[PDB]
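Peer 1: Please see the structure below; I have some questions.
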2 protein chains.
Amino acid sequence: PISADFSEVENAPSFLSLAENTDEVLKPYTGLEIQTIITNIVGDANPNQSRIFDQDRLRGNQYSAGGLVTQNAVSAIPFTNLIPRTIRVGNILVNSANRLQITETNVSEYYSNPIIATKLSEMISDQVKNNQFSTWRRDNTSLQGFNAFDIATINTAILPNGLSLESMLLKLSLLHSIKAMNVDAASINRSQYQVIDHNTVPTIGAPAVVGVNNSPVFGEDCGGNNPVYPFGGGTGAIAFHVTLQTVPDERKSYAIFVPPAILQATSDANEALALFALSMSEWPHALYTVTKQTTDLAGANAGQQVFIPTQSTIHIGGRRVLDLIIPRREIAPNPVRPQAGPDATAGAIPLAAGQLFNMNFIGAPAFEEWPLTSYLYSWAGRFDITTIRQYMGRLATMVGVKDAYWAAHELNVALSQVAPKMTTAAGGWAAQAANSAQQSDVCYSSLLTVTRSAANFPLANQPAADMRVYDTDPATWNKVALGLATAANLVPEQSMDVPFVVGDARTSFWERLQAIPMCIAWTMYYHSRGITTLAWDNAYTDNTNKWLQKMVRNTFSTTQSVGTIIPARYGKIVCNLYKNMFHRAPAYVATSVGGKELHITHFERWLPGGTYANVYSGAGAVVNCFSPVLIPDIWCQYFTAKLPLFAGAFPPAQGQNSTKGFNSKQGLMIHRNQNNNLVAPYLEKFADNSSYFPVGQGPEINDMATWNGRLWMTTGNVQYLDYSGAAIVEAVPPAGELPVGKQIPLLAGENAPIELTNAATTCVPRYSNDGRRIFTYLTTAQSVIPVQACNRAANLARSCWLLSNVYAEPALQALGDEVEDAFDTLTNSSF
Amino acid sequence: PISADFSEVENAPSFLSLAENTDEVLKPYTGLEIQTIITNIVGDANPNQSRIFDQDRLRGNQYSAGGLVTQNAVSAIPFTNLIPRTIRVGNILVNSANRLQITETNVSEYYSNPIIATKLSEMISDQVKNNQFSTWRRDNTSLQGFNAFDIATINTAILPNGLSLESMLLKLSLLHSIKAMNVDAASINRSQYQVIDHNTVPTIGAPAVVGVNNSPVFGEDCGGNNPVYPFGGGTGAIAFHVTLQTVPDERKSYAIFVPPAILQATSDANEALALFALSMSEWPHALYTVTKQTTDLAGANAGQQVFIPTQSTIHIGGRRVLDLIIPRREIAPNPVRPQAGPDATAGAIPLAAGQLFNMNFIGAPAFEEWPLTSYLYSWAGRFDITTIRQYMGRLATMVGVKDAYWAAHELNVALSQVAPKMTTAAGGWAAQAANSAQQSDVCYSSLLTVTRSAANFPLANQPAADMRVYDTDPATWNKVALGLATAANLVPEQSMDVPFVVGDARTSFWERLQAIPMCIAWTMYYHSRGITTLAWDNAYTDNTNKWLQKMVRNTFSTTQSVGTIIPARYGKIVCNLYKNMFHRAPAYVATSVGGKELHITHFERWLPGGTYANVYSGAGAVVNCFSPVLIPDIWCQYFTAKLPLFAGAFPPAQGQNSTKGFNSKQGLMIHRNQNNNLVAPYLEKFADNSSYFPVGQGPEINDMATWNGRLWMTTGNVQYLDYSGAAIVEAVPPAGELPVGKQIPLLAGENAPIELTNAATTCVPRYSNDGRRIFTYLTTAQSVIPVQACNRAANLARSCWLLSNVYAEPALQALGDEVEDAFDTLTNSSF
């Protein structure tokens, strides 16, 4: 919450009390909490009436330090899943001189929720089979579409993991988030076409065109019609078998049963084989683009920019050769529909390729492999989000897809909503230049720089992994999609129990708002202890200060117990800084060591390797200091139930008292080194007895003093020196300049932020790369009013927002269970 | 205290309740109370870390009447003991075209705390002496360094006064305050080199050079090496005798015993004869200068200004011929060390004079007189404040010097910290011009103009006395420094019991802050009744209005009872306006009528003769009206525990209500004379029934109406006319202009005061020279919003400071009893 006076800066919760464990069961963060503040929609659903195109930013009055009120001053929503591979430089479109930002997961099978053979599986073994041991009979007890010698080779030795529908449901959770950009124009913001390319105005009118393999720079049309995989040059292979006898002799264990519940006479019914073959194989199969008509700032040069979404750059899968076994009607003996296959058509795209598809091959003979990047390229303009929604409802009737899609969905939001770093400026609204690394350099919500590609596409290098995600194995999928095994995370449901995000037009708006509390929780994690940006980068193996290696060691997921993931320590600190600070729990998955079942969130599955949230200067130079700051503060304050005390709104100037500090009555002291000219704030009592941290000590979490340090570097002329006033190794901003948010184009009657209002002031540097303590200093002449404001005998004029705090309770309808519809109050006893 | 809202303007204490008698014992005003607000030092002692050079002014935010906030706007500390005898005119140094400001005391012996012969004195009489009346023996019962016929002529008829160590301890309290300007550069402010010469920047680096008899203008090098006294051309005479038999036949009663406790093998031990001969004789012996390297505003013309401190212009003593009797070792009969004198050396300065000292004469023969202005000129570069401190500790071991030095020290502060008058301007920060009487015209803290010299130096005119101070007689000093008499103010002590100001580098900073509550108490005395400046000047003998003669008659110390000072009436009003308003008592001395012992402060020992605190206009013209206003208001408000209601901060504009007034519900009425155009505020009910005061009536103390009169002359267009709107004899400021504080040079990021913020608004004129009442008027058109603000139906936009009230409790350590030092916790039972 933002502050009305100093008596609620002072009576704000601490960090240690707000990072404690919580035993409450909390509702999921739906993204509607930020929505019902920054838009005209407070109540309920609105089809096309609510113009979300214009409602894309934080708006409010501001109050300057000089006593003036700015009327309509805006802060951008700082997250988008769209990297502009065509940049508007000099009011005209040119190709990007920048590589594409790629991520990579760490897909591996772990001990999920345990699995058990059903009464059908004990029925096949006990009866039938066991009874063929006396009758000399080799009859067929065919289950629904498969041979008895196909079920008999699967009702066998079961792996003791249990499956997690996570990788296939992130691919479904991911192509959904791509294919939901072409829904309308007044349902997708214009700010999220302007987050990186800020010299750009997209248009109401023509919607976005979600294309595939048509990006104009650095390869990236990975076979525009001769398609390969983007990660690794190769085309894969798919084969549609009717028996396991046809799978040649080599694979036969990798063979995936397509269950007959996902293909019924309810849809196109042959697109569902492509969503199944796309969920089970590999992401990405192709490099999707989003092309939209844009215009420059005044509006002359209307062209079409090419974007590439971030979730088409996430390398997940490792299954490139699929052998799919198809249900054979009711019951038939083993044999162009040889054995009564319902279908296997190619698609809708003509696809002149290496096997030369013509326009749409209908073919399910015995072996006869196709390519897989080709077979998925043909079904790349057909995957609209309504079809994905009803496919999810057909999945939900046989397995439990409610909680696993929401965990996979905020996994998508965790590694897909990606934000440009910062720019250091004095006032408000600085950005970068065009055709430069600094405009396109970009970070996660975890304050962690996204790796861009090193060489031209399709890639042979395979960069380091970023996140540990699970996967469906084919061998357990073949028996849980067939009634032969069951678990507690796999209990089936109805299509009403599909989450609200699926098949809705408002996903590109909601998913960029779900990523803001992730960066608030990581932002408050990285700012309680200020280790700049250099003592985070080369911190994993520094032989100085064993404390710092323990910090970076524990933050990441590098431990195990039995064959399963032990989640990270200190990512539960971020999770508790999410549940306490937002009163809403993030979605976990299950992992079991043995018996004991414990929970791991995207807060606990990151991996080491990679630099952190850097800040740039006005001329593009690196200012690796402060702390890993991303989005501007007011996001890390206003949209918050309980923000810890060191991060706080400087309260408005009401009477004679505006902004004060914390003095030696709270256990603090002034540093006051060698020279008489520069003095430091009221830091801790340990600050004068250190000067360099001991090899197992770090910055003590004091929010009286971190407040009191950002209270001094808001003055506008500070230097970040030393215990003795000497320089540091770290790059310092050129003046009294702070990291400030990204500037987007304005509208009519709508202003830019004024002075340290769209800034990030909380990033107080306290721990240099060398292990020495960083002190913020002022001249003796220019520190009298800050020292007396700490002593409550003066006041400091600071700028603020003129908003008020509401923070409503959760709705739990979210446009996803509108079961009030009159035709099921009467079909209600039958459920 | 400054006001948060109007409900604490209204609920402020009155004048009559705040001038009442108080029975509390209060702590002394140490000067640390102003310090712990206007500087970075709140806690404790700081050797050279704390740069007091830059921490020399009141700093804070301001709020204009137009709703704007000024960030760092400064008010100067308006007191210094340094008159610039070299003025920087046109960025370059020239000699002053102005005479030197001189004061003069009224040294006389009064009935102090009574004195009584000890057991040693009754031992000399009863035994020895009385027993020589039977034995025909003329033996020597020598006490410590003197003959028995030297003690026998002093153990005699004792005067019934008792001595007061006041004149010698003001001379010691005075040369200390001169010789503490050469301690450092970052321990003395730069504002106090800029109080009169405001076109000047002194430098960190080279310290001040405390010279002697080297001033370049109007004589003032009173014998640069042939030295005379500055007050009266003459050189004096000193003689170092060993017996009273050598003192020729003429003086012999004026002969001063030098006690052997001030000269021990602990120091130079011969400088203490010069501090003794300087305490006992005459002030000043020479005209000390303080030369410091200064630079102009931008910084080009680095030169050295010559200053003369105010306490080297205070004429105290009347003893020009000293005959000092020296202790003769243990025991020896009467006789270049003839009779075992320890020493009598000349000094360190070569001193080509009328007796022609060469460099350092060591000489104690029998009579052989030296000059005294010569003997003290040689010990004029050696009196550093550490030696003065240990000399004070050697005095404190034999007599009680704790309370008498503090009374003599705030006597020094009372008649040494001296401030330039005012300049009338509309906004903030007006000063005077260079090489003009008006820049150098200057006042006490008692709102009383300092007399400058009439003719060239050494002076034969001897101006009128300013203050009644006591003195040590030699005849009682010869027996209280010898064990023959004792009193209650003379009980001996330890060197730990020497006050904290002695020998510390921070005296020039602390003494200018001790003088601010003196001028607050006198400022609130002179403003409760507004008698302008003309009915104070020629008010002592005006045959009109017997009330006014009683005011000026009683304010000054012109009464007696028995042979001792009766202190002034109405200076106890100022003393009670000090103890009630500051919760800290000023240091008294003792005077006894007989039996009854009563107390007289520098508040009760001033003398008539002399003009009062005039105000100048922008062009230098005299504006003798208002009331004797000196320092700007915020000093007479913020640094205050309980400021009476007529002086009050106009509260800040918070909501719709900012500043209101007092109407006929509080017993007031509007004057409303002959013409319909000009109307006056809500004055008293007596204001319309007077028009001229009766010959025994004066302005009734009403703080509802004095507030309401400064509430109208803050508007910016008033005239001070009459009962009928006619002019007055007094000089009126040229427009709606008020007396405003002195402008000093600014620093980086540091502003000037804006509009009536560094002003003195409390000086409401209410009593003309003619005995007629002065009314403040507005036009009928421009008085509707003030009248309705009095009726609480409107608001007035006034400017204010954005500070807050703290006013801490006294410390009582003050860097003067750091007895916690580990080597006397173990030597603690032995004290």
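Letters A, B, ... mark the chains of the structure tokens in the order given; residue numbers begin at 1 per chain; ligand numbers begin at 1, in order shown.
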Please report as JSON, numbers by chain which residues of chain B come no farther than 8 Å from chain A, using only C-alpha atoms.

Peer 2: {"B": [4, 37, 38, 39, 40, 48, 49, 50, 51, 54, 55, 59, 60, 61, 67, 68, 69, 70, 71, 652, 653, 654, 749, 801, 802, 803, 804, 805, 806]}

Peer 1: Give me the residues near residue 261 in chain B as a list in words, where near means some atom within 12 Å (using only C-alpha atoms) and where sequence neighbours in that chain fewer than 2 positions away do not count.

Peer 2: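 Once the nearby chain positions are removed, what remains is residues 144, 145, 257, 258, 259, 263, 264, 265, 266, 269, 272, 273, 276, 326, 327, 390, 391, 392, 393, 394, 395, 396, 397, 398, 399, 481, 482 and 483 of chain B.
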
Peer 1: Name the residues in contact with residue 302 in chain A at a cut-off of 7 Å, using only C-alpha atoms, excluding same-chain residues fewer than 3 positions from it; report them as a PyMOL selection string.

Peer 2: chain A and resi 293-295

Peer 1: Between CA of residue 437 in chain A and CA of residue 103 in chain A, what is the distance, to one decimal in Å?

Peer 2: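 A separation of 17.7 Å between them.
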
Peer 1: In Å, rounded to a single decimal, give me how far CA of residue 582 in chain B is from CA of residue 515 in chain B.

Peer 2: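 Rounded to one decimal, the two atoms are 13.0 Å apart.
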
Peer 1: Please run DSSP on the backbone and report, as a list in words, all residues within range 35-155 of chain A that come out as strand (DSSP E).

Peer 2: residues 57, 58, 59, 60, 61, 62, 63, 69, 70, 71, 72, 73, 74, 75, 76, 83, 84, 86, 87, 88, 89, 92, 93, 94, 95, 103, 104, 116 and 117 of chain A

Peer 1: Go ahead and save the picked residues with C-alpha atoms, as a compact mmCIF listing (two decimals), in the first residue's frame.

Peer 2:
# COMPACT_ATOMS: atom_id res chain seq x y z
CA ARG A 57 -1.25 1.42 -17.99
CA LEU A 58 -1.30 2.82 -14.48
CA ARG A 59 -3.00 6.22 -14.43
CA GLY A 60 -3.24 8.75 -11.65
CA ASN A 61 -2.46 12.21 -10.41
CA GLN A 62 0.98 13.00 -9.05
CA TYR A 63 2.31 15.54 -6.58
CA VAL A 69 -0.14 18.48 -9.04
CA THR A 70 0.28 16.69 -12.38
CA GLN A 71 -3.10 15.66 -13.71
CA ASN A 72 -2.92 12.47 -15.79
CA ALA A 73 0.56 10.96 -15.51
CA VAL A 74 1.04 7.37 -16.59
CA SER A 75 3.27 4.41 -15.85
CA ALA A 76 3.51 1.58 -18.38
CA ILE A 83 10.17 -9.40 -29.05
CA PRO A 84 10.09 -6.98 -32.02
CA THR A 86 11.25 -5.49 -36.90
CA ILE A 87 12.19 -2.20 -35.22
CA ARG A 88 10.88 1.23 -36.24
CA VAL A 89 14.06 3.33 -36.48
CA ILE A 92 10.35 3.73 -40.61
CA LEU A 93 10.65 -0.04 -40.26
CA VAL A 94 14.02 -1.79 -40.46
CA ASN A 95 15.19 -5.26 -39.50
CA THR A 103 15.19 -19.96 -22.91
CA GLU A 104 15.72 -23.64 -22.16
CA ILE A 116 -1.70 -47.55 -8.57
CA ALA A 117 -3.27 -50.20 -10.80

Peer 1: Quick one: residues within 8 Å of residue 366 in chain B, only C-alpha atoms counted, chain neighbours fewer than 3 positions away excluded, as a list in words?

Peer 2: residues 240, 241, 242, 246 and 338 of chain B

Peer 1: Restricted to N, CA and C atoms, what would the selected residues look like written as a tab-separated table (two decimals), in the first residue's frame?

Peer 2:
chain	number	residue	atom	x	y	z
B	240	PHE	N	57.79	43.59	40.05
B	240	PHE	CA	57.77	42.30	40.72
B	240	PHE	C	58.60	42.42	41.99
B	241	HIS	N	57.92	42.57	43.12
B	241	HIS	CA	58.57	42.67	44.41
B	241	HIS	C	58.59	41.32	45.09
B	242	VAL	N	59.44	41.19	46.10
B	242	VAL	CA	59.47	40.00	46.93
B	242	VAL	C	58.95	40.29	48.33
B	246	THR	N	59.60	46.84	49.63
B	246	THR	CA	60.18	47.37	48.41
B	246	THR	C	59.22	48.29	47.66
B	338	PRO	N	67.19	38.00	43.95
B	338	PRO	CA	67.78	38.42	45.22
B	338	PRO	C	67.28	37.54	46.37

Peer 1: Quick one: everything within 12 Å of residue 550 in chain B, counting only C-alpha atoms, minus sequence neighbours fewer than 4 positions away in the same chain. Send it as JSON, numbers by chain.

Peer 2: {"B": [536, 539, 540, 541, 542, 543, 544, 545, 546, 554, 555, 556, 568, 569, 570, 695, 696, 697, 698]}

Peer 1: Neighbouring residues of range 727-738 of chain B were defined as those with any atom within 7 Å, considering only C-alpha atoms; residues of the same chain fewer than 4 positions away were excluded. Please report them as a VMD selection string.

Peer 2: chain B and resid 424 to 426 617 622 to 625 716 to 718 721 to 722 759 to 761

Peer 1: Find the residues around residue 100 in chain A up to 7 Å (only C-alpha atoms counted), leave out those fewer than 2 positions away in its own chain, and share them as a list in words.

Peer 2: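 So, after excluding close chain neighbours, the residues are residues 98, 102, 452 and 453 of chain A.
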
Peer 1: So, counting only C-alpha atoms, which residue among B:132, B:153, B:192, B:267 is closest to residue 255 in chain B?

Peer 2: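 Using only C-alpha atoms, residue 255 in chain B sits closest to B:153.
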
Peer 1: From the options B:812, B:531, B:562, B:2, which residue's atoms come nearest to residue 800 in chain B, counting only C-alpha atoms?

Peer 2: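 Among the listed residues, the smallest separation from residue 800 in chain B belongs to B:2.
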
Peer 1: So that I can check the secondary structure, give me every residue of range 256-453 of chain B assigned helix (DSSP H, G or I) by backbone DSSP, as a ChimeraX atom specification.

Peer 2: /B:272-280,310-312,372-378,385-396,402-414,437-440

Peer 1: Could you take the residues named above and write them with C-alpha atoms, as an mmCIF file, in the first residue's frame?

Peer 2:
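Now in again-v5.cif:
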data_model
loop_
_atom_site.group_PDB
_atom_site.id
_atom_site.type_symbol
_atom_site.label_atom_id
_atom_site.label_comp_id
_atom_site.auth_asym_id
_atom_site.auth_seq_id
_atom_site.Cartn_x
_atom_site.Cartn_y
_atom_site.Cartn_z
ATOM 1 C CA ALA B 272 50.873 32.275 34.573
ATOM 2 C CA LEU B 273 52.357 35.509 35.924
ATOM 3 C CA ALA B 274 51.201 37.132 32.689
ATOM 4 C CA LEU B 275 47.705 35.653 32.943
ATOM 5 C CA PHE B 276 47.634 36.817 36.563
ATOM 6 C CA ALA B 277 48.900 40.296 35.658
ATOM 7 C CA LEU B 278 46.401 40.344 32.780
ATOM 8 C CA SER B 279 43.466 39.241 34.934
ATOM 9 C CA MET B 280 44.219 41.721 37.692
ATOM 10 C CA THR B 310 34.192 42.674 20.023
ATOM 11 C CA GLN B 311 35.671 41.514 23.310
ATOM 12 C CA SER B 312 38.940 43.331 22.616
ATOM 13 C CA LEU B 372 52.588 46.843 31.504
ATOM 14 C CA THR B 373 51.278 47.248 27.958
ATOM 15 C CA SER B 374 54.751 46.093 26.907
ATOM 16 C CA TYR B 375 54.876 43.183 29.375
ATOM 17 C CA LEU B 376 51.491 41.980 28.151
ATOM 18 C CA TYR B 377 52.350 42.548 24.475
ATOM 19 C CA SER B 378 55.157 39.999 24.762
ATOM 20 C CA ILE B 385 43.321 28.109 25.320
ATOM 21 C CA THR B 386 44.804 24.910 26.763
ATOM 22 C CA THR B 387 47.117 26.996 28.945
ATOM 23 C CA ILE B 388 44.161 29.189 29.925
ATOM 24 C CA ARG B 389 42.256 26.003 30.799
ATOM 25 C CA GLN B 390 44.965 24.589 33.056
ATOM 26 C CA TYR B 391 45.399 28.034 34.628
ATOM 27 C CA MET B 392 41.658 27.936 35.366
ATOM 28 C CA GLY B 393 42.146 24.492 36.889
ATOM 29 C CA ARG B 394 44.913 25.841 39.094
ATOM 30 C CA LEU B 395 42.619 28.700 40.146
ATOM 31 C CA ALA B 396 39.798 26.245 40.872
ATOM 32 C CA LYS B 402 32.714 26.973 38.686
ATOM 33 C CA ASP B 403 29.688 29.274 38.931
ATOM 34 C CA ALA B 404 31.567 32.587 38.740
ATOM 35 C CA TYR B 405 33.165 31.710 35.415
ATOM 36 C CA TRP B 406 29.781 30.782 33.976
ATOM 37 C CA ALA B 407 28.257 34.060 35.148
ATOM 38 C CA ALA B 408 31.269 35.927 33.736
ATOM 39 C CA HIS B 409 31.018 33.847 30.555
ATOM 40 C CA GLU B 410 27.451 34.716 29.751
ATOM 41 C CA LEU B 411 28.386 38.261 30.710
ATOM 42 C CA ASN B 412 30.991 37.943 27.922
ATOM 43 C CA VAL B 413 28.282 36.543 25.632
ATOM 44 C CA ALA B 414 25.885 39.297 26.778
ATOM 45 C CA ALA B 437 27.677 53.324 8.249
ATOM 46 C CA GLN B 438 24.621 51.104 7.828
ATOM 47 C CA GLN B 439 26.462 47.832 7.161
ATOM 48 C CA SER B 440 28.638 48.347 10.240
#

Peer 1: Just how far from CA of residue 175 in chain A is CA of residue 253 in chain A, in Å to one decimal?

Peer 2: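 These atoms are spaced 27.2 Å apart.
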
Peer 1: Which residue gives the smallest distance to residue 79 in chain A among A:157, A:487, A:630, A:600, with only C-alpha atoms counted?

Peer 2: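 Result for the nearest residue to residue 79 in chain A: A:630.
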
Peer 1: Using only C-alpha atoms, which of the listed residues (B:52, B:212, B:726, B:498) sits closest to residue 772 in chain B?

Peer 2: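 Ranked by minimum distance to residue 772 in chain B, first place goes to B:726.
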
Peer 1: So, with only C-alpha atoms as the atoms that count, which of B:790, B:459, B:344, B:380 lies closest to residue 315 in chain B?

Peer 2: B:459
